[PDB]
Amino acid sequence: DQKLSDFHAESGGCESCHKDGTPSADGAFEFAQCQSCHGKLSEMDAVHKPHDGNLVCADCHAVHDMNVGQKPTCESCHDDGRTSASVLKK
């Protein structure tokens, strides 16, 4: 296993996401960095799209905590048992 943060740091350092390699308080800088490479939520799949304007990437992708390949789940914010699968293949 590799954390997602470590995977990215191999290709650009901690500074790929963080000013001077140091986290911001707000997370806005980091969100802007994610979007600079990956684009906007509105241009992503059905899991991503309805979160445009209400979440930042880090609200689901806890890049230091989560392995490469590990999918965020949904129960922290929704109470119906939805999954990425139940929405992608709605």
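Each residue number is its position in the shown sequence, starting from 1.
Between 78-86 and 16-24, it is 78-86 that carries the larger average Cα temperature factor according to the deposited entry. Sort the chain's modelled residues by C-alpha temperature factor and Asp52 lands in the middle third, per the entry. Split the chain's modelled residues into thirds by C-alpha temperature factor. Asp59 is in the lowest one.
In the PDB entry, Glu30 places in the lowest third of its chain by CA B-factor.
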